[PDB]
$ cat data19.cif   # mmCIF, C-alpha atoms
data_protein
#
loop_
_atom_site.label_atom_id
_atom_site.label_comp_id
_atom_site.auth_asym_id
_atom_site.auth_seq_id
_atom_site.Cartn_x
_atom_site.Cartn_y
_atom_site.Cartn_z
CA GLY U 1 8.48 10.19 -11.03
CA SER U 2 11.83 8.38 -11.07
CA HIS U 3 11.93 7.27 -7.41
CA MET U 4 10.12 3.96 -6.94
CA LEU U 5 8.81 2.28 -3.80
CA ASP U 6 8.09 -1.41 -3.33
CA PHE U 7 5.28 -2.61 -1.07
CA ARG U 8 4.91 -6.27 -0.18
CA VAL U 9 1.28 -6.48 0.95
CA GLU U 10 0.11 -9.53 2.92
CA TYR U 11 -3.46 -10.84 2.73
CA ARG U 12 -4.63 -14.33 3.73
CA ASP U 13 -0.99 -15.51 3.87
CA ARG U 14 -0.27 -14.46 0.26
CA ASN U 15 1.85 -11.52 -0.90
CA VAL U 16 0.91 -8.89 -3.47
CA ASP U 17 3.84 -6.83 -4.72
CA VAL U 18 2.80 -3.21 -5.37
CA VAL U 19 5.41 -0.91 -6.91
CA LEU U 20 4.73 2.75 -7.53
CA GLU U 21 6.31 6.16 -7.65
CA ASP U 22 6.80 8.07 -4.42
CA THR U 23 4.68 10.87 -5.94
CA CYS U 24 1.64 8.58 -5.58
CA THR U 25 -0.67 8.56 -2.59
CA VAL U 26 -1.45 5.79 -0.12
CA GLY U 27 -4.94 5.55 -1.61
CA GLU U 28 -3.41 4.47 -4.92
CA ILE U 29 -1.94 1.42 -3.19
CA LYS U 30 -5.51 0.58 -2.20
CA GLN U 31 -6.81 1.17 -5.75
CA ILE U 32 -4.20 -1.24 -7.08
CA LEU U 33 -5.06 -3.80 -4.38
CA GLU U 34 -8.76 -3.52 -5.25
CA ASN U 35 -7.91 -4.80 -8.75
CA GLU U 36 -5.34 -7.37 -7.59
CA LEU U 37 -7.48 -8.86 -4.82
CA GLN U 38 -11.00 -8.11 -6.15
CA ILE U 39 -12.02 -6.33 -2.94
CA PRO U 40 -13.61 -2.85 -2.87
CA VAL U 41 -11.43 -0.24 -1.17
CA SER U 42 -14.27 0.49 1.27
CA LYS U 43 -14.02 -3.13 2.48
CA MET U 44 -10.25 -3.13 3.16
CA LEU U 45 -8.11 -1.76 5.95
CA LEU U 46 -4.54 -1.20 4.72
CA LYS U 47 -2.25 -1.33 7.75
CA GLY U 48 1.40 -1.55 8.74
CA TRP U 49 2.65 2.02 8.45
CA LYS U 50 5.52 2.74 10.82
CA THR U 51 4.17 6.20 11.68
CA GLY U 52 0.82 7.69 12.61
CA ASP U 53 -1.45 10.09 10.74
CA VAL U 54 -1.11 8.19 7.43
CA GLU U 55 -4.23 8.77 5.30
CA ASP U 56 -5.33 7.81 1.78
CA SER U 57 -4.29 11.28 0.61
CA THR U 58 -0.79 11.06 2.14
CA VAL U 59 1.83 11.41 -0.58
CA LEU U 60 4.33 8.58 -0.18
CA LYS U 61 7.34 10.90 -0.65
CA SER U 62 6.35 12.77 2.53
CA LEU U 63 7.11 9.60 4.53
CA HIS U 64 10.71 9.40 3.20
CA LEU U 65 10.48 5.61 2.95
CA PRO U 66 13.17 3.04 2.09
CA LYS U 67 12.82 1.10 -1.17
CA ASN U 68 11.26 -2.03 0.30
CA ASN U 69 8.23 -1.74 2.57
CA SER U 70 5.69 -4.13 4.08
CA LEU U 71 1.96 -3.68 4.68
CA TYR U 72 -1.04 -5.94 5.27
CA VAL U 73 -4.75 -5.97 4.49
CA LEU U 74 -7.63 -6.82 6.81
CA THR U 75 -11.13 -7.54 5.55
#

$ encode --input "data19.cif" --output "structure tokens"
Amino acid sequence: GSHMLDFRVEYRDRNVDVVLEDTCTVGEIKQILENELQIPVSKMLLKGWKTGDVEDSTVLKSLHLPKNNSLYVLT
């Protein structure tokens, strides 16, 4: 929708900026990172959420996040 969330995602000291609607799911961040970083989603751990129980199917809106967010990838 209209409401947009920014994620600065760290990997190997570089930053990937992912911006997407809060109606999207966490897994869509990973799908975008798969294309940006050329790493299959199965091979990445996306970490840095400030709360527990976050899953790929979590809808971002349900986390009531601020505009700018930070995450990181482990492979």

$ residues_around --input "data19.cif" --residues "residue U:14" --least-positions-apart "2" --cutoff "12 Å" --atoms "only C-alpha atoms" --output "list in words"
residues 8, 9, 10, 11, 12, 16, 17, 36, 37, 71, 72 and 73 of chain U

$ write_last_selection --input "data19.cif" --atoms "C-alpha atoms" --output "CSV table (one decimal), keeping the file's coordinate frame"
chain,number,residue,atom,x,y,z
U,8,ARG,CA,4.9,-6.3,-0.2
U,9,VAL,CA,1.3,-6.5,1.0
U,10,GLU,CA,0.1,-9.5,2.9
U,11,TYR,CA,-3.5,-10.8,2.7
U,12,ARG,CA,-4.6,-14.3,3.7
U,16,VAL,CA,0.9,-8.9,-3.5
U,17,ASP,CA,3.8,-6.8,-4.7
U,36,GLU,CA,-5.3,-7.4,-7.6
U,37,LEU,CA,-7.5,-8.9,-4.8
U,71,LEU,CA,2.0,-3.7,4.7
U,72,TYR,CA,-1.0,-5.9,5.3
U,73,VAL,CA,-4.8,-6.0,4.5

$ resolve_selection --input "data19.cif" --expression "the PyMOL selection byres ((chain U and resi 38-45) around 9)" --output "list in words"
residues 27, 30, 31, 33, 34, 35, 36, 37, 46, 47, 72, 73, 74 and 75 of chain U

$ axis_aligned_box --input "data19.cif" --around "stretch 57-70 of chain U" --padding-each-side "6 Å" --output "AutoDock Vina command-line options"
--center_x 4.4 --center_y 4.3 --center_z 1.7 --size_x 29.5 --size_y 28.9 --size_z 17.7

$ residues_around --input "data19.cif" --residues "stretch 54-59 of chain U" --least-positions-apart "5" --cutoff "7 Å" --atoms "only C-alpha atoms" --output "compact mmCIF listing (two decimals) with C-alpha atoms, keeping the file's coordinate frame"
# COMPACT_ATOMS: atom_id res chain seq x y z
CA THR U 23 4.68 10.87 -5.94
CA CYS U 24 1.64 8.58 -5.58
CA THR U 25 -0.67 8.56 -2.59
CA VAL U 26 -1.45 5.79 -0.12
CA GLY U 27 -4.94 5.55 -1.61

$ closest_residue --input "data19.cif" --among "U:1, U:29, U:13, U:18" --to "residue U:61" --atoms "only C-alpha atoms"
U:1

$ atom_distance --input "data19.cif" --atom1 "atom CA of residue U:2" --atom2 "atom CA of residue U:48"
24.5 Å

$ decode --input "data19.cif" --residues "stretch 6-73 of chain U" --atoms "C-alpha atoms" --output "PDB file, in the first residue's frame"
ATOM      1  CA  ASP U   6      13.088   1.088   4.635  1.00  0.00           C
ATOM      2  CA  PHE U   7      15.483  -1.722   5.536  1.00  0.00           C
ATOM      3  CA  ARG U   8      19.233  -1.185   5.490  1.00  0.00           C
ATOM      4  CA  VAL U   9      20.569  -4.743   5.272  1.00  0.00           C
ATOM      5  CA  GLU U  10      24.229  -5.425   6.084  1.00  0.00           C
ATOM      6  CA  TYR U  11      26.204  -8.237   4.442  1.00  0.00           C
ATOM      7  CA  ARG U  12      30.010  -8.518   4.273  1.00  0.00           C
ATOM      8  CA  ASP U  13      30.322  -4.872   5.395  1.00  0.00           C
ATOM      9  CA  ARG U  14      28.152  -3.557   2.527  1.00  0.00           C
ATOM     10  CA  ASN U  15      24.608  -2.202   2.756  1.00  0.00           C
ATOM     11  CA  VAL U  16      21.636  -3.169   0.602  1.00  0.00           C
ATOM     12  CA  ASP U  17      18.695  -0.778   0.845  1.00  0.00           C
ATOM     13  CA  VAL U  18      15.382  -2.654   0.623  1.00  0.00           C
ATOM     14  CA  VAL U  19      12.211  -0.555   0.541  1.00  0.00           C
ATOM     15  CA  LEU U  20       8.780  -2.117   0.476  1.00  0.00           C
ATOM     16  CA  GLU U  21       5.205  -1.670   1.579  1.00  0.00           C
ATOM     17  CA  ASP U  22       4.234  -2.673   5.095  1.00  0.00           C
ATOM     18  CA  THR U  23       1.676  -5.052   3.539  1.00  0.00           C
ATOM     19  CA  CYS U  24       4.598  -7.234   2.392  1.00  0.00           C
ATOM     20  CA  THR U  25       5.989 -10.143   4.365  1.00  0.00           C
ATOM     21  CA  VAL U  26       9.444 -10.673   5.820  1.00  0.00           C
ATOM     22  CA  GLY U  27      10.025 -13.392   3.229  1.00  0.00           C
ATOM     23  CA  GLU U  28       9.752 -10.783   0.483  1.00  0.00           C
ATOM     24  CA  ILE U  29      12.755  -8.976   1.961  1.00  0.00           C
ATOM     25  CA  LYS U  30      14.619 -12.251   1.502  1.00  0.00           C
ATOM     26  CA  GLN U  31      13.357 -12.665  -2.086  1.00  0.00           C
ATOM     27  CA  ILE U  32      14.638  -9.194  -2.914  1.00  0.00           C
ATOM     28  CA  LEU U  33      17.979  -9.931  -1.227  1.00  0.00           C
ATOM     29  CA  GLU U  34      18.302 -13.161  -3.218  1.00  0.00           C
ATOM     30  CA  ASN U  35      18.311 -11.061  -6.404  1.00  0.00           C
ATOM     31  CA  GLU U  36      20.452  -8.240  -4.989  1.00  0.00           C
ATOM     32  CA  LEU U  37      23.117 -10.491  -3.454  1.00  0.00           C
ATOM     33  CA  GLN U  38      22.836 -13.573  -5.713  1.00  0.00           C
ATOM     34  CA  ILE U  39      22.317 -15.911  -2.745  1.00  0.00           C
ATOM     35  CA  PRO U  40      19.449 -18.436  -2.521  1.00  0.00           C
ATOM     36  CA  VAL U  41      17.008 -17.692   0.293  1.00  0.00           C
ATOM     37  CA  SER U  42      17.669 -21.159   1.731  1.00  0.00           C
ATOM     38  CA  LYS U  43      21.327 -20.163   2.203  1.00  0.00           C
ATOM     39  CA  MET U  44      20.677 -16.897   4.096  1.00  0.00           C
ATOM     40  CA  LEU U  45      19.707 -16.100   7.660  1.00  0.00           C
ATOM     41  CA  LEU U  46      18.037 -12.684   7.843  1.00  0.00           C
ATOM     42  CA  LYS U  47      18.498 -11.363  11.372  1.00  0.00           C
ATOM     43  CA  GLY U  48      18.164  -8.221  13.465  1.00  0.00           C
ATOM     44  CA  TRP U  49      14.470  -8.087  14.337  1.00  0.00           C
ATOM     45  CA  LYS U  50      13.829  -6.308  17.628  1.00  0.00           C
ATOM     46  CA  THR U  51      11.152  -8.829  18.653  1.00  0.00           C
ATOM     47  CA  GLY U  52      10.790 -12.589  18.677  1.00  0.00           C
ATOM     48  CA  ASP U  53       8.529 -14.895  16.682  1.00  0.00           C
ATOM     49  CA  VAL U  54       9.278 -13.118  13.369  1.00  0.00           C
ATOM     50  CA  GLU U  55       8.840 -15.572  10.474  1.00  0.00           C
ATOM     51  CA  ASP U  56       8.980 -15.342   6.676  1.00  0.00           C
ATOM     52  CA  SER U  57       5.173 -15.132   6.642  1.00  0.00           C
ATOM     53  CA  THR U  58       5.029 -12.281   9.176  1.00  0.00           C
ATOM     54  CA  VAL U  59       3.339  -9.252   7.622  1.00  0.00           C
ATOM     55  CA  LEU U  60       5.526  -6.222   8.271  1.00  0.00           C
ATOM     56  CA  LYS U  61       2.550  -4.042   9.311  1.00  0.00           C
ATOM     57  CA  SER U  62       1.940  -6.372  12.274  1.00  0.00           C
ATOM     58  CA  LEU U  63       5.284  -5.249  13.747  1.00  0.00           C
ATOM     59  CA  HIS U  64       4.288  -1.541  13.688  1.00  0.00           C
ATOM     60  CA  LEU U  65       7.798  -0.533  12.627  1.00  0.00           C
ATOM     61  CA  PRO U  66       9.337   2.936  12.219  1.00  0.00           C
ATOM     62  CA  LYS U  67      10.294   4.081   8.714  1.00  0.00           C
ATOM     63  CA  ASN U  68      13.984   3.205   8.922  1.00  0.00           C
ATOM     64  CA  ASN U  69      15.045  -0.260  10.042  1.00  0.00           C
ATOM     65  CA  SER U  70      18.273  -2.261  10.103  1.00  0.00           C
ATOM     66  CA  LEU U  71      18.864  -5.976   9.492  1.00  0.00           C
ATOM     67  CA  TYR U  72      21.817  -8.183   8.573  1.00  0.00           C
ATOM     68  CA  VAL U  73      22.460 -11.367   6.606  1.00  0.00           C
TER      69      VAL U  73
END
